[PDB]
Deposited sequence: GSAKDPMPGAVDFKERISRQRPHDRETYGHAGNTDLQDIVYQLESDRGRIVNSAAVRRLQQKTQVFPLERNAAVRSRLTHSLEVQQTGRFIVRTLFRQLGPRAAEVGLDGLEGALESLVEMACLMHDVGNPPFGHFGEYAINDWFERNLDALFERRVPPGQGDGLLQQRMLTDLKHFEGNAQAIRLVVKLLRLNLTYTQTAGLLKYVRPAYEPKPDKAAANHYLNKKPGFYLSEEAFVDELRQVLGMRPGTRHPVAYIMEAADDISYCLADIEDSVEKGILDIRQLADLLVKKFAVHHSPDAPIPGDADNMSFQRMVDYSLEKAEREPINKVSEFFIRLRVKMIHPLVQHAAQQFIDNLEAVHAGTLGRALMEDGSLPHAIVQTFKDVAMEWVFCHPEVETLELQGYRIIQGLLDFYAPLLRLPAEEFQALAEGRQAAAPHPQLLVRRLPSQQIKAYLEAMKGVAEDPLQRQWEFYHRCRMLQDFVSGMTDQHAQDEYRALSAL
C-alpha cells in the first residue's frame, strides 16, 4: 500500500511536507471558497443556518478523519506489512483534503446544474459541431468521442479539470487521485459497472490521467485507496446533515421523524435487531428511542437529538467502514473493488440507506427545493443560450477574440465577460495542438469545454446574477 508519491506535475518526512503544502493549497484555493455560496439542498437565500456545499464537506472531512484513525487502530501492527507504516498522517491528510474537494467540480443548483448542461448540449451540440467540422472531413472516432464527452458532464471530472488545468493548483498526483471516485472516461459510454458507471475524467485530462496512473502506480480503469474512504465518508454524512436542517426548517417534527425513521426502516431490516459495534448492545429502535428520550437538553431540544443520535449511530458506521477496508485490503490496493464500502446489505448498511430513504420522501420533494432545481435549470440553459454566439463563430474569429484582437462587436463583449483563467486555459490548450492535423475538432471541443467551465464554476448567486444582467430585466 505504498502507492503514495510526492511528485507534482511541475524519506517519508519529505512526503509529509509536500502533503502539508497540498493542505494549504486546497484550503486557500478558490474551489473551496465557491462551496460556501453553493446551496446543498435548501436554497441559501431563504435559509439562515442551512448546510452549504462547504459545511457539508467539512462534516465529511471529519467523518473521513474518523474512519482513517479508527481504521489504523484496527490494523495495529499488521499495517506495516501492507505498507501503511508511517502513513497515518499521509493517509489522514489525503482522506481529509479529498473529502473537502469532493464537490468542487459539480455545478450550482444540485444535480439540475448537471442536467441543464448535458441537456443543452444534447439538444444543440450536434448542429453546432457540424458547422465547425463538416460531415465527412475530420477523424470520426475522435468526433464521436468528443461528442459524447461534452454531452456527459460530471462534477468529479470537472473537479480534476478545475484543480489541475483551471486553478493550476499543481497538487501531488496522490492528492488529486482522491477525486477519481469514478474511473470510466466520459468518451466511453455507460455500461465492471459500479466503478465505471459515471464519467471519471474528461478527454482534456486524458494526458494528465496517463501521467497520474503512471506516477502514482495504478492500472488504467482503476480507482485509488483514498477514494473508497471518501466515498464511504460522503455516504455516511450523505443526508444526516440534511435531515437535521429539515427538522429545524420545520418540515417534520423530531417525534414524527423517529417513527418515520422506523417505518421507512422496515424495508431494510427489523428495528429490534441488535446493531454491530455498540458496547451497550443498542438496537436501531432502542437507539432512536434513546435519542428521543435524551431530548426533552432544555436549550437545544432539536440539536441534542441529532447529537445523541450521532454518537450512538455514527460509531457503528465508521467502525463498519474500517472493517470493510481491511477485509478488502488486497482488492482496494489493486483498485478493483467494484462496490462502495458501505453497500453490502448488512444491518449497519441499512443505517446509510434509511437516511437516504427518509430524505427522498420528506426532504428533497419539498417545493422550496424543487423550485430551486427548476429555476437553476433555466439559469444554466439561458446562460448557455446567451453565450452560444461564441460557439457559432468560426475558429479564426474566436481565437482572435480570445487573444484580445479587435474583431464582431457583440461576441467580443461576451468574450470580455469570461474569466481570464478560462480564456487562457483555452489559449494554452490550443497552443499545444496548434500544429495537429485534427486541430479544428480540438478547437471547438476546447471552446465548448471553456464555456462549460464558466457555468459550473459559478456560485448560485453568481449564476443567477449573470443571467439577470444579460436578460436586462
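- [ ] Could you sort out which parts of the deposited sequence are absent from the coordinates (no C-alpha) and give them as ranges from 1?
- [x] Gaps in the modelled chain, taken against the deposited sequence, lie at 1-13, 24-34, 216-220, 326, 438.
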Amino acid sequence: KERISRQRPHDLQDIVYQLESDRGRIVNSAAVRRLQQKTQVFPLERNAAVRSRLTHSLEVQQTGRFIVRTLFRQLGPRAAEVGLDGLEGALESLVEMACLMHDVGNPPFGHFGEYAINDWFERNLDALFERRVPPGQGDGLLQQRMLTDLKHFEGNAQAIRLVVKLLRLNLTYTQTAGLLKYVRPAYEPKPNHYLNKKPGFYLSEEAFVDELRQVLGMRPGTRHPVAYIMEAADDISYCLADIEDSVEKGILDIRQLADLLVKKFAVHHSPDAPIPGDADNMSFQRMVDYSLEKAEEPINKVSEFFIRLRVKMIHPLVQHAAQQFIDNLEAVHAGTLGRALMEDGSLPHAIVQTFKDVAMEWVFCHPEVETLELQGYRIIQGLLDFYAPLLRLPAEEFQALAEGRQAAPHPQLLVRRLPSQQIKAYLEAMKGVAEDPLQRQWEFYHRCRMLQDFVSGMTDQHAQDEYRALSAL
From here on, numbers count along this sequence of modelled residues.
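Mean temperature factor over C-alpha atoms, higher-scoring stretch between 12-20 and 458-466:
According to the PDB entry, the answer is 12-20.
382-390 versus 132-140 - which carries the larger mean C-alpha B factor in the record: Comparing 382-390 with 132-140, the higher average CA B-factor belongs to 132-140.
- Task: Please work out which residue in 373, 396, 205, 327 has the highest C-alpha B-factor recorded for this crystal structure.
- Result: Most elevated C-alpha B-factor of the set, per the entry: 327.
### Task
Could you say which of 403, 248, 149, 293 has its CA atom at the highest B factor, as listed in the PDB entry?
Spelled out: the listed residue with the top C-alpha B-factor is 293.
Could you say whether, by C-alpha temperature factor, residue 191 belongs to the lowest, middle or highest third of its chain?
Highest third - that is where residue 191 ends up once the chain's C-alpha B-factors are sorted.
- residue 96, C-alpha B-factor rank within chain (lowest, middle or highest third): It belongs to the middle third of the chain when residues are ordered by C-alpha B-factor.
Cα B factor band for residue 75 (lowest, middle or highest third within the chain): Highest third - that is where residue 75 ends up once the chain's C-alpha B-factors are sorted.
Ranked by Cα temperature factor within the chain, is residue 111 in the lowest third, the middle third or the highest third? Bottom third by C-alpha B-factor.
Residue 362 by Cα B-factor - lowest, middle or highest third of the modelled chain: Residue 362: CA B-factor falls in the middle third of its chain.
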